[PDB]
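Everything on this sheet refers to the single structure shown next.
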Amino acid sequence: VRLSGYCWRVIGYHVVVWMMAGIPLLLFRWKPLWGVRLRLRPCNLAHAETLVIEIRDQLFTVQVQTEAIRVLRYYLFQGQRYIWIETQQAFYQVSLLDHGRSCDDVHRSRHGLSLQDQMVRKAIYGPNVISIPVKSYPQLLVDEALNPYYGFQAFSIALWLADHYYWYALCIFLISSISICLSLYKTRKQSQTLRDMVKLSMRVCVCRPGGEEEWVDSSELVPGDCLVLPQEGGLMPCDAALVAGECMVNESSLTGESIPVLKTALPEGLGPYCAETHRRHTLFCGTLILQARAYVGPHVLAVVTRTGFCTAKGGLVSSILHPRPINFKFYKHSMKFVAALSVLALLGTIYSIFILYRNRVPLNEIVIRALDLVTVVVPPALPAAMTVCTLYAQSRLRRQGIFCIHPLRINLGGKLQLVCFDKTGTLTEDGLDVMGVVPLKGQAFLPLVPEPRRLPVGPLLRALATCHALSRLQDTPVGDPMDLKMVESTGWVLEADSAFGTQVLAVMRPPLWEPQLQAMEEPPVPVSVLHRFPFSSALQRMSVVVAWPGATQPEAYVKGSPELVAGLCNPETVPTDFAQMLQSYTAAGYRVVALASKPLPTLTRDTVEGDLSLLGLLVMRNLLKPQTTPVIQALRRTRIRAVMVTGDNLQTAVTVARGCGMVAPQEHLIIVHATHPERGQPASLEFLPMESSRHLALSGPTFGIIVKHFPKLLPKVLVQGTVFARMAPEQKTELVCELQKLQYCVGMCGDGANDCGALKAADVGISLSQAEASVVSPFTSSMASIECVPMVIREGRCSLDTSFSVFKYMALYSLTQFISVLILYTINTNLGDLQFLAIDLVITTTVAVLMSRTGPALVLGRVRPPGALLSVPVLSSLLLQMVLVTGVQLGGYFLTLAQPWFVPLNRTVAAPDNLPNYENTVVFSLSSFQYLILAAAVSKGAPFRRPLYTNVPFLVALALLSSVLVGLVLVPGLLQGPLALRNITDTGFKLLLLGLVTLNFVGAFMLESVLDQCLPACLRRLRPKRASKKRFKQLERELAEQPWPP
Ligand SMILES: CCCCCCCC(=O)OC[C@H](COP(=O)(O)O[C@@H]1[C@H](O)[C@H](OP(=O)(O)O)[C@H](O)[C@H](OP(=O)(O)O)[C@H]1O)OC(=O)CCCCCCC
Ligand SMILES: CC(C)CCC[C@@H](C)[C@H]1CC[C@H]2[C@@H]3CC=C4C[C@@H](OC(=O)CCC(=O)O)CC[C@]4(C)[C@H]3CC[C@]12C
Ligand SMILES: CC(C)CCC[C@@H](C)[C@H]1CC[C@H]2[C@@H]3CC=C4C[C@@H](OC(=O)CCC(=O)O)CC[C@]4(C)[C@H]3CC[C@]12C
Ligand SMILES: CC(C)CCC[C@@H](C)[C@H]1CC[C@H]2[C@@H]3CC=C4C[C@@H](OC(=O)CCC(=O)O)CC[C@]4(C)[C@H]3CC[C@]12C
Ligand SMILES: CC(C)CCC[C@@H](C)[C@H]1CC[C@H]2[C@@H]3CC=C4C[C@@H](OC(=O)CCC(=O)O)CC[C@]4(C)[C@H]3CC[C@]12C
Ligand SMILES: CCCCCCCCCCCCO[C@@H]1O[C@H](CO)[C@@H](O[C@H]2O[C@H](CO)[C@@H](O)[C@H](O)[C@H]2O)[C@H](O)[C@H]1O
Ligand SMILES: Nc1ncnc2c1ncn2[C@@H]1O[C@H](COP(=O)(O)OP(=O)(O)NP(=O)(O)O)[C@@H](O)[C@H]1O
Ligand SMILES: *[C@@H]1O[C@H](CO)[C@@H](O)[C@H](O)[C@H]1NC(C)=O
Ligand SMILES: CCCCCCCCCCCCO
Ligand SMILES: CCCCCCCCCCCCO
Ligand SMILES: CCCCCCCCCCCCO
Ligand SMILES: CCCCCCCCCCCCO
Ligand SMILES: CCCCCCCCCCCC
Ligand SMILES: CCCCCCCCCCCC
Ligand SMILES: CCCCCCCCCC
Ligand SMILES: CCCCCCCCCC
Ligand SMILES: CCCCCCCCCC
Ligand SMILES: CCCCCCCCCC
Ligand SMILES: CCCCCCCCCC
Ligand SMILES: CCCCCCCCCC
Ligand SMILES: CCCCCCCCCC
Ligand SMILES: CCCCCCCCCC
Ligand SMILES: CCCCCCCCCC
Ligand SMILES: [Mg+2]
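Residue numbering for the sequence shown is 35 to 41, 45 to 94, 101 to 112, 161 to 586, 591 to 697, 707 to 796, 820 to 1173, as defined by PDB author numbering.
See below:
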């Protein structure tokens, strides 16, 4: 995180690099800083340094722009704007100028921002736009085509053009152009799918200190400027603190869930505007405002707080544009693999140079042949194969209805070994059923009431009717499902005239019915709502203040989790057997929410939910979705660990885990309960063995106590723990972080608004109730069920196998072609000119692009894909396949030598001037069929991929190439002219060649099958490793020798 500043000699450095002609590799290597400094006009003075290099320990360089009003030196890094302060000499982030600003200051910013201050803050903070520039086509060409690989391909094109191999040069050019086009299309789509999301362009009203009215574009906003919000509704131009009125918004673009959320005006007072503690008082960029009410004045006034990239949406966009490096390695071993391949290539080109020197050839031709061989070693289709494989996988996922912002994470799904779920919404149905309400008398519960409609007028009925954040939107109430079903159960239909405190936020009317019963005593009267305190998952609570045409004083009603609410209630109002009866309902799997009240003596949220008194419990059913038990059973069958992380009660979570199969029968479960220290001793960490493998379940506060007071025992709990309950979102992301610390590949599926942090922290985050692509999590599904989890895993495995099948095959292709030409070099032939074109484009490129189209296996398995190219089976398969191919080619050559008809090539004339000569044709035919054979063999089916005959384009390609090659052998000759073949004029020997290559086909398949069948057993019997690289496996073993809980 160190920034170093540096100010005719640069042209000298450029000329030196050009003369060297490969200085870019040195500057793209361990010593890039030295070259940069030598070619940057070094000058440490930051005030004068126009260039700055930042190191984050990784190495980035950026200019220093200067904007004038007088002078302002700023620079952009990672999308964030930093500016230079003359009074400090250092660089400070734009977001940190107005840090610690007090809420009273935000309120005093109610008045306008003058045009002078507007332009000053415009120059400082820049325009209010999340800038994702559109790249001109030549910019993309210079960005992508400029790299060592394509430069080497251009060199190969030049070299093969030098020796009159026009066709081969042209086809290499075509392959490179196709690869560049595919990379460009991938990058363009990647930029466009993000740019289309941040498209905010609309006029907004803002009031000046004088005139108090002006319409400006969304980009013309700056921090500290007020904003008149549109009461009809619409998108939010930028991040602003709500200063006046109330707002109903739909912030699904950065939260996942699409339920309405209530934002109340910022509470006036002294203290910093955190923007995270006041999250309920802030409107975020790119969020739809369902409505905005004033209740105190003409307009709903907000104050712009942060604009541009520093907004939360801007931060997520910045993360997407510059993602963090992947923690889990995918290969991290290809250096040794390509080193071994290069070793083989060098041992081959040594033979090439030696045998060429053996015969009479000019030294220039000798070096030309050597460089030709080296160019043939490198295949030009590798980047195209990678890109098309990734595009195919992403298209498959999109066709299944799952969208990934950046497909680079797809392969992570192929090596997930732990998946977290949240109970409500994802595992269970979103909706709820109100089973009933349990009331109190003064300190003793009463029988459950099925329909709350039949309650008498009193605190409980009023609390059920009034305590929520429901709002009518187009003749339909909307809000939390819990609140909607509760109010439906009561029947009190949602409907100025301030009673005591302020203007009423809402009014409720009791349903007219029972002329005798309802008016039997105190007929119901409508109830007005004065103050509302929205619900937040961090504090399991919601407080409302209400009055009615009676109401000698107002009344505050609090709805919350039973444990926390009972803690807040008056101790003598809570019955002694609260815990057991709550278990009696939660152990049955019911969601239970407590209602309490206090009569206010005629307002910050703290003084409301204080000396409360229990009114009752609300028991409501919540059933598992019908496609969660099979998914959990499949995941557990494949030894993929499944964990529940939820903010609900521990008893309900345990019951749901038992029902959905996370805790199958005959699997003992313990409850871990750590008591907070009471100033006499630490937590005891009590264990309660439950009654119908080892499983542990613990709530949020005990999890925090274990984290902060038993660090030694934390790994064992995390390894054995499966059901975590009553966790705040912060605790959820903390648990994900801890699981990752144990070297787990942690994926997660979540509903919204309490999983966003955990979803982002997770290696593979999935959001369910999302219409389309979102910046909420790396992956997002359209359908709402857990079934998306296995497919993302399966495709990932299908990718990991598929990628390997490319690196294998194109390596085989890289080297099976390498040996063939060497054989010809030993006989002084050079494999023809159009023959190279036939080998590459007709046969190889089409197969390489088509082989990755195959889909996933449609079922999971316990066998994980490999994680290294240089494993024993892979290298063994490569070597044995090379032995088979070399044997076939040499046998063909030796048999062709041993025929009645034969005339050796005229060795005194260099190729291609001696073609077809009866040796080039046979080697070429064998090589072509060998490429097809290798392609067919490398492309496996089970357990990860479908059988080869699934993707009908690839199978059709294989069939057509085989047919045209067979024709090329079994005809008097139709392409033998252009391909320079000698037209073997007998119908007997060519049939023998066909039989021999059939034997080669059979040999390759039997070889690969025998390897797959036998080598794993040999490795199990031979080298008994006892893997301990990952800490969680070590902990699993240690628990296996002896469990920690007795
Ligand atoms: C000249 C040889 C040069 C090559 C040197 C590199 C050899 C080489 O990478 O293989 C390492 C593996 C060890 O095994 P390795 O591949 O390192 O296996 C590791 C474990 O499997 C680990 O946990 P568990 O799943 O619990 O086992 C996890 O899977 C890691 O990810 P990964 O599996 O996805 O890659 C692996 O790194 O196999 C040897 O133990 C051969 C050692 C050399 C044999 C020498 C014979 C002469
Ligand atoms: C034994 C002899 C006669 C053969 C040597 C072959 C050279 C002519 C090859 C070897 C490496 C090649 C270079 C490999 C990499 C590049 C990088 C490329 O520039 C970049 O894309 C770098 C961008 C970056 O990473 O910042 C331009 C072509 C060039 C210089 C290549 C030009 C041709 C080079 C010097
Ligand atoms: C050392 C002499 C005696 C050998 C003569 C042949 C060399 C000119 C060959 C040997 C190794 C070859 C290199 C082998 C591998 C690569 C990797 C290849 O991939 C990349 O480095 C780019 C990857 C990316 O940009 O993502 C670029 C060409 C290059 C440097 C090759 C350029 C030509 C080299 C230097
Ligand atoms: C006989 C010689 C001239 C061989 C020429 C090779 C072609 C047959 C290859 C070159 C590029 C290939 C295409 C490259 C990319 C795709 C995208 C792929 O679809 C996607 O992954 C993107 C979907 C979307 O975003 O719409 C389907 C295969 C296809 C059409 C490939 C089909 C085969 C093509 C045309
Ligand atoms: C110069 C003459 C001798 C060339 C004659 C063409 C043949 C070499 C044929 C045999 C196999 C054919 C390929 C077989 C299958 C396809 C599938 C199809 O490509 C796709 O994969 C489309 C994907 C989709 O949209 O679903 C159309 C072109 C292509 C690559 C064909 C291109 C032409 C090939 C290479
Ligand atoms: C004397 C014989 C000398 C030859 C010795 C053998 C050398 C073999 C070198 C093989 C190079 C492998 O190269 C590996 O694949 C391709 C090459 O473009 C690169 O691929 C990279 O660029 C492409 C786009 O161009 C991206 O889509 C891909 O995501 C990215 O990783 C890999 O980053 C590189 O690591
Ligand atoms: N709308 C609400 N008003 C008041 N209390 C609520 C509301 N919704 C949930 N709660 C309570 O808050 C507790 C935890 O809140 P949250 O963690 O937001 O709910 P959850 O549905 O248990 N979460 P999860 O299971 O991870 O989706 C729940 O157990 C309820 O007791
Ligand atoms: C092969 O070409 C060379 C050209 O020099 C010459 O020997 C002769 O014309 C041809 N045939 C034989 C057998 O050499
Ligand atoms: C002889 C060359 C054969 C091609 C080998 C390709 C292997 C690349 C593996 C690493 C890819 C990610 O960097
Ligand atoms: C890759 C294999 C390289 C070795 C090729 C040797 C060819 C010898 C053929 C000439 C001897 C038969 O008359
Ligand atoms: C395997 C096919 C190799 C490419 C063949 C290119 C020749 C096409 C036929 C041209 C006919 C006119 O000469
Ligand atoms: C893509 C290749 C198609 C055009 C190839 C033309 C070949 C010309 C060779 C002429 C000599 C043999 O008649
Ligand atoms: C990139 C090099 C392209 C060369 C074009 C070749 C066209 C065929 C002509 C072959 C006989 C001169
Ligand atoms: C739905 C399967 C699509 C198959 C694509 C067409 C394959 C035949 C193409 C033949 C071209 C020569
Ligand atoms: C990571 C950039 C790799 C550049 C190619 C290095 C080739 C070195 C040959 C000695
Ligand atoms: C499932 C393995 C498929 C084997 C058949 C390969 C294609 C044969 C083309 C004649
Ligand atoms: C379902 C059994 C396998 C079907 C084979 C279809 C492809 C045959 C041509 C090789
Ligand atoms: C996707 C299922 C494919 C079934 C096999 C198709 C065989 C067709 C031979 C042309
Ligand atoms: C799925 C039906 C189409 C299968 C392709 C049949 C072969 C066509 C040769 C072009
Ligand atoms: C369909 C491909 C086989 C056709 C060959 C017919 C003539 C063979 C006698 C040379
Ligand atoms: C595979 C194509 C077979 C063509 C007919 C074979 C005739 C051979 C007579 C010995
Ligand atoms: C007796 C000469 C060989 C007859 C053909 C052998 C079978 C060919 C398999 C492709
Ligand atoms: C998948 C096993 C394949 C068995 C060998 C096929 C030989 C077919 C000759 C055309
Ligand atoms: Mg949920």
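Every residue gets a Cβ at the ideal spot worked out from N, C-alpha and C, and that includes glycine.
Check: By C-beta, the residues closer than 7 Å to any heavy atom of ligand 22, given in chain order; Outcome: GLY1115, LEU1118, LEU1119, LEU1121, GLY1122 and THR1125
Check: The region 968-981 touching the region 404-415, judged by at least three CB pairs closer than 8 Å; Outcome: no
Check: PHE934 in three-state terms, based on DSSP; Outcome: helix
Check: Check: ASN957 C-beta below 7 Å from any heavy atom of ligand 8; Outcome: no
Check: Rounded separation between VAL640 and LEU716 - CA only; Outcome: 13 Å
Check: Within 8 Å, strictly: CB atoms of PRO1173 and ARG821; Outcome: no
Check: First and last residue of the uninterrupted alpha helix (DSSP H) at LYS354; Outcome: Looking at the DSSP string, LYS354 is not in any alpha helix (DSSP H); the run it does join, the beta strand (DSSP E), is 352-355.
Check: Below 7 Å from a heavy atom of ligand 16 - residues by beta-carbon; Outcome: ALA1063, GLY1068, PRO1074, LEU1075, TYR1076, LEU1082, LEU1085, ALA1086 and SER1089
Check: Those residues which DSSP pairs with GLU650 across a bridge; Outcome: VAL641
Check: Any non-hydrogen atom of ligand 4 within 7 Å of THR981 CB; Outcome: no
Check: Own chain residues within Cβ distance below 6 Å of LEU825, not counting five before or after; Outcome: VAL776
Check: Candidates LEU546, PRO1105 and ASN81, of which the one nearest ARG36 by Cα; Outcome: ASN81
Check: Given 8 Å, three or more beta-carbon pairs between the region 741-752 and the region 842-862; Outcome: yes
Check: Within 7 Å of ligand 12: residues by beta-carbon to any heavy atom; Outcome: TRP258, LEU961, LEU964, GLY1104 and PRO1105
Check: Ligand 15 site residues, beta-carbon cut 6 Å against heavy atoms; Outcome: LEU62, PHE65 and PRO239
Check: Boundaries (first-last residue) of the alpha helix (DSSP H) holding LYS213; Outcome: 206-216
Check: Beta bridge counterpart(s) of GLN283 as assigned by DSSP; Outcome: Bridge partners of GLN283: none, in fact.
Check: Which residues DSSP lists as bridging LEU718, in chain order; Outcome: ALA691
Check: Option in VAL352, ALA1062 and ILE263 with minimal Cα separation from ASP463; Outcome: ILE263
Check: Nearest to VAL891 (by Cα), restricted to the options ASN418, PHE931 and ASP592; Outcome: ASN418
Check: Same chain only: Cβ atoms within 6 Å of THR953, ignoring 5 sequence neighbours per side; Outcome: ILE446
Check: Any heavy atom of ligand 24 nearer than 5 Å to the CB - residues listed; Outcome: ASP513, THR515, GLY516 and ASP878
Check: Limits of the unbroken beta strand (DSSP E) element including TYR442; Outcome: Where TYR442 is concerned, there is no enclosing beta strand (DSSP E), although the alpha helix (DSSP H) it sits in stretches over 425-449.
Check: Opposing strand residues paired with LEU333 [DSSP bridges]; Outcome: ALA393
Check: Terminal residues of the alpha helix (DSSP H) in which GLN847 lies; Outcome: 841-847
Check: Extent of the continuous beta strand (DSSP E) to which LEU1002 belongs; Outcome: Element bounds for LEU1002: not the beta strand (DSSP E) but the alpha helix (DSSP H), 999-1024.
Check: Between the CA atoms of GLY923 and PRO1151 - distance to the nearest angstrom; Outcome: 29 Å
Check: Whether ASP513 touches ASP234 by CB criterion (8 Å); Outcome: no
Check: Cβ separation of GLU342 and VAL352, assumed to be a contact under 8 Å, to the nearest whole Å; Outcome: 6 Å
Check: Sequence ranges, beta strand (DSSP E) only - wholly within the region 879-932, length at least 3; Outcome: 891-894 and 906-908
Check: Backbone CA spacing between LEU575 and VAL660 [nearest angstrom]; Outcome: 21 Å
Check: Helix, strand or coil at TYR40 according to DSSP, with G and I counted as helix; Outcome: strand
Check: Cα-Cα separation between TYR652 and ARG627, rounded to whole angstroms; Outcome: 10 Å
Check: Identity of the residue in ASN957, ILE266 and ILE893 nearest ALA476 by Cα; Outcome: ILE266
Check: Beta-carbon proximity list for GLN870, same chain, < 7 Å, skipping 5 on both sides; Outcome: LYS1157, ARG1158 and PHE1159
Check: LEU75 CB to nearest heavy atom of ligand 11 below 7 Å; Outcome: no
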